[PDB]
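The residues making up each chain are set out below.
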Amino acid sequence: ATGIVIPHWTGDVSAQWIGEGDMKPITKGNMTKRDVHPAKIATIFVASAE
Amino acid sequence: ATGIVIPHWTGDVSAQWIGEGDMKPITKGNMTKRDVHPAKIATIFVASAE
Amino acid sequence: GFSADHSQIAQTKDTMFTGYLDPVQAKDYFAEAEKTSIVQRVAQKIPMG
């Protein structure tokens, strides 16, 4: 009933080929939180007690 | 042998999307009587007792 | 009240229910008794062939 949040990924993560003594490179991710809320749908119908 | 009756539905029933305090809509169905009566099919054939 | 075939309220008087609301079959509460021969009370019955 309170809804949902989804952490959608957007980051260009990367890795590199290297020799024995080479400097290993540094990287970072990225995200954007999307959200979802429910909504009601409803209707009424009416009749005589007969 | 009595035959049959069928309640054929014909009504455009409906519902709506609603906020928290929006007061809800009212709807009604619709129908038609359809009926089926059996009929005979028959034939006779004739031969000598010999 | 409301018309028959009102747009929002279902009633037994609406046309869409015609011929679904059949009466229950009852006995005849008003039947007279079967008449019987009056001459066969007053006249003598005779052996007949």
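Residues numbered from 1 in each chain as written, not as in the entry; some residues may be left out. Chains lettered and ligands numbered in written order. Part of a larger assembly, values for the part shown. Heavy atoms only, no water.

The record names cryo-EM as the way this model was obtained, at a resolution of 3 Å.

Q: Looking at this structure, I do not really get the overall build of chain A. What am I missing?
A: Each helix and strand in chain A was counted, giving zero helices and four strands. Along its sequence from the N terminus, chain A presents helices and strands in the succession β-β-β-β. The dimensions of chain A, computed from C-alpha atoms along their principal axes, are 90 × 15 × 15 Å. Considering chain A as a whole, with its 50 residues, one finds that 4% of them fall into the buried category. (Helix = DSSP H or I, 4+ residues; strand = E, 2+ residues; numbered from the N terminus. Buried < 20%, exposed > 50% of the residue type's maximum accessible area, 1.4 Å probe, protein only.)

Q: Is there a simple way to explain the layout of surface pockets in this structure?
A: By rolling a water-sized probe across the atoms, one finds the places where empty space is left. Roughly 170 Å³ of internal volume is contained in the largest pocket. What lines the largest pocket is a set of 14 residues, among which A:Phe45, B:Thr27, B:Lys28, B:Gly29 and C:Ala10 lie closest to the centre. Taken together, the residues of the lining of the largest pocket sort by class into nine nonpolar, four polar and one charged. (1 Å grid on protein atoms, 1.4 Å probe; cavity = no way out; pocket = protein on both sides within 12 Å on 5 of 7 lines; lining within 4 Å. Points joined across faces, edges and corners; volume = space filled by probe spheres on them. Nonpolar A, V, L, I, M, F, W, Y, C, P; charged D, E, K, R; others polar.)

Q: It is not clear to me how a nonpolar patch on the surface should be interpreted in this structure. Could you clarify?
A: Residues and elements named next belong to chain A. Side chains of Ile 4, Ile 6 and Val 36 sit close together on the surface and give an oily, nonpolar patch of about 260 Å² of accessible area. As for its position among the elements, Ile 6 is in strand β1 (residues 4-9). You can call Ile 6 partly exposed: its relative accessible area is 43%. (Patch = residues over 30% accessible without salt bridge, like charges linked within 9 Å, V, L, I, M, F, W, Y side chains within 5 Å. Areas by Shrake-Rupley, 256 points an atom, 1.4 Å probe, with all protein chains shown as cover. Salt bridge = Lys/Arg side-chain N within 4 Å of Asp/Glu carboxyl O.)

Q: Would you explain the environment of C:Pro23 in this entry?
A: Its location among the elements puts C:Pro23 in the loop between β1 (9-10) and α1 (39-42). Along the chain, C:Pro23 and C:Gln8 lie 15 residues apart, while their C-alpha atoms are 27 Å from each other.

Q: Is there a simple way to explain the interface of chain B and chain C in this structure?
A: For an interface, size is often stated in terms of accessible area lost upon the parts coming together. The interface is formed by 10 residues belonging to chain B together with 12 residues belonging to chain C. It is B:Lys28, B:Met31 and B:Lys33 that lose the most area in chain B upon contact with chain C, and together they represent 70% of the buried surface on that side. Where chain B packs against chain C, one counts one salt bridge. Linking C:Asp14 and B:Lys28 is a salt bridge whose minimum nitrogen-to-oxygen distance equals 2.7 Å. In this assembly, chain B and chain C are joined by five residue pairs in polar contact. Contributing elements (two or more residues each) for the side of chain B that touches chain C: β1 (4-9) and β3 (31-36) of chain B. (Contact = heavy atoms within 4.5 Å. Buried area = accessible area lost by both parts, 1.4 Å probe. Polar contact = N/O pair within 3.5 Å; in protein donor to acceptor, adjacent residues only side chain to side chain.)

Q: I keep staring at the interface of chain B and chain A and nothing clicks. Help me out?
A: Of the residues lining the interface, nine residues belong to chain B; the matching set on chain A comes to eight residues. For the chain B and chain A pair, buried surface summed over both sides reaches about 860 Å², with 64% attributable to carbon and sulfur atoms. The largest per-residue losses of area from chain B upon contact with chain A belong to B:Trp17, B:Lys24 and B:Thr27, which jointly make up 45% of the total buried on that side. Put simply, chain B and chain A have zero salt bridges between them. Here chain B is connected to chain A by five residue pairs in polar contact. When grouped by side-chain class, the residues that make up the side of chain B that touches chain A number five nonpolar, three polar and one charged.

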